[PDB]
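Structure, as structure tokens:
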Amino acid sequence: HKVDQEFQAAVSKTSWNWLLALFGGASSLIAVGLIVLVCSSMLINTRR
Amino acid sequence: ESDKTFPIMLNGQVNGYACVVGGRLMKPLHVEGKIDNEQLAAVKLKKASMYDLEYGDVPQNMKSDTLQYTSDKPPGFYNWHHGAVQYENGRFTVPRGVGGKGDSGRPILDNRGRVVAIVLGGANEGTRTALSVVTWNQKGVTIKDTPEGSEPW
Amino acid sequence: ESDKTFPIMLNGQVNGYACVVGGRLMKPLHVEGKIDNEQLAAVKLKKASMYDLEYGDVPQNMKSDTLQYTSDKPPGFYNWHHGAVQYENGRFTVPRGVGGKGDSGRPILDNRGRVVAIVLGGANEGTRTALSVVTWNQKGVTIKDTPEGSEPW
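Chains as they are written, first to last, in the entry's author numbering: chain J, 392 to 439; chain L, 107 to 259; chain E, 107 to 259.
So this is what it looks like as structure tokens:
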């Protein structure tokens, strides 16, 4: 072989697709709970 | 009167009290022990630790005996377990150093036979004892009021 | 009252009642039997399975003797077949041990005698039973309500 497998490219775009897809969604709500906390707290501070 | 409300018990201390309002048991969360009305202990609680309170639906067999809360909070006297409290400047205020620790979960009642709020514990600047308490917004928003540095009772 | 409403007979055993309001005839769906009015018994009824209620129309001669209902619905005391009945906080109540099975379809009337609710059933408990009943929105749109653990009568 005249080349060595750069792991950054060993995953095909068609396969790397799933990695870059599933690693995003898992985090999708990590901040949303705190966002809801902020919203409810500022609503209280607006009405308290 | 308040006999439709009951003490939580631990170590032999009436370490707090609890109220049946709107068909839900309410008790302070920071206070642990046996609620003296043993039927209330069959209820499984849900918690609101930011409010330091927890609640659960009281059994139907006596749920119609529950007290009911108010939207009304005009300034003035309200009947309390230690006689009355003066609601003023939009705050529950008590004479400097009266009542106190042991009253967690004690209700404060509308003269019409309704409950205006539930106390958590007090503070005092000197002029008056300031009360930390959970109350109600005119549209039913439950809101905890707590003067700064308020101690648990 | 019983002057403008009729019982339902099952095998000649009374098991409920039917009420005419605005000339519309209403009957509790779970009360198997026939309305005790042969001039009405020929009516054809439409039903509301979510309301457990079905309805029809009275003959043109008796349109004048129908009840009428309104949504003004002030809080507090009301009258019932067994006398005093009460409503507040979105619940209708009557002392424990009155009503129950075989007594659904009963109307609730204001001082003016205007009807505001008709009984579907309820839960028997504590000081006051928790009635399950049909009512109306402030705008007069019907609403049927069933407190937790209520049962049809």
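Virtual Cβ for every residue (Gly too), placed ideally from N, Cα, C.
Can you give the Cα-Cα distance for residue i and residue j, rounded to whole angstroms?
i: J:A422; j: J:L411; result: 19 Å
i: L:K153; j: L:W259; result: 19 Å
i: L:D163; j: L:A148; result: 10 Å
i: E:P201; j: E:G232; result: 8 Å
i: L:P134; j: L:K207; result: 13 Å
i: J:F398; j: J:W407; result: 11 Å
i: E:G246; j: E:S177; result: 5 Å
i: L:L173; j: L:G128; result: 6 Å
i: E:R130; j: E:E138; result: 20 Å
i: E:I224; j: E:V191; result: 12 Å
i: L:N243; j: E:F183; result: 26 Å
i: E:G118; j: E:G203; result: 25 Å
i: E:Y193; j: E:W186; result: 11 Å
i: L:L116; j: L:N217; result: 31 Å
i: E:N230; j: J:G416; result: 50 Å
i: E:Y157; j: L:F112; result: 39 Å
i: L:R220; j: L:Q166; result: 20 Å
i: J:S418; j: J:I435; result: 28 Å
i: J:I426; j: J:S432; result: 10 Å
In terms of DSSP beta bridges, what is residue i paired with?
i: E:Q192; result: E:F183 and E:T199
i: J:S406; result: Answer is none; J:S406 lacks a bridge partner.
i: L:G122; result: L:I114
i: E:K250; result: E:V240
i: E:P258; result: E:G227
Please determine, among the options, the residue with the shortest C-alpha to C-alpha distance to residue i.
i: L:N143; options: L:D209, L:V222 and L:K110; result: L:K110
i: E:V240; options: E:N230, E:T252 and E:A229; result: E:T252
i: L:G228; options: L:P213, L:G128, L:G255 and L:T172; result: L:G255
i: E:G196; options: L:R197, L:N217, L:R218 and L:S170; result: L:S170
i: E:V222; options: E:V120, E:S238, E:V126 and E:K179; result: E:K179
i: E:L146; options: E:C125, E:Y193 and E:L159; result: E:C125
i: E:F198; options: E:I214, E:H188, E:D209 and E:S210; result: E:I214
i: L:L226; options: L:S155, L:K150 and L:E107; result: L:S155
i: E:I114; options: E:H188, E:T235 and E:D209; result: E:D209
i: L:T248; options: L:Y161, L:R234, L:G189 and L:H188; result: L:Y161
Could you spell out where the beta strand (DSSP E) holding residue i opens and where it closes?
i: J:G424; result: Run containing J:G424: none in the beta strand (DSSP E); it sits in the alpha helix (DSSP H), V423 to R438.
Quick check on the DSSP output: the alpha helix (DSSP H) that includes residue i runs from which residue to which?
i: J:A401; result: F398 to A401
Any heavy atom of the ligand NAD inside 8 Å of the beta-carbon of residue i?
i: L:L116; result: With respect to small molecules bound, the structure shown includes none, and the ligand NAD cannot be examined in it.
request  = Kindly provide the ranges of any alpha helix (DSSP H) runs that are 4 or more residues long and lie completely inside the segment 126 to 187 of chain L, ordered along the chain.
outcome  = For secondary structure counted as the alpha helix (DSSP H) over 4 or more consecutive residues, the segment 126 to 187 of chain L holds these complete runs in sequence order: 166 to 169.
Every unbroken beta strand (DSSP E) inside the segment 206 to 247 of chain E [3 residues or more] = Entirely contained in the segment 206 to 247 of chain E, the beta strand (DSSP E) runs reaching 3 residues are, in chain order, 213 to 215, 221 to 229 and 234 to 242.
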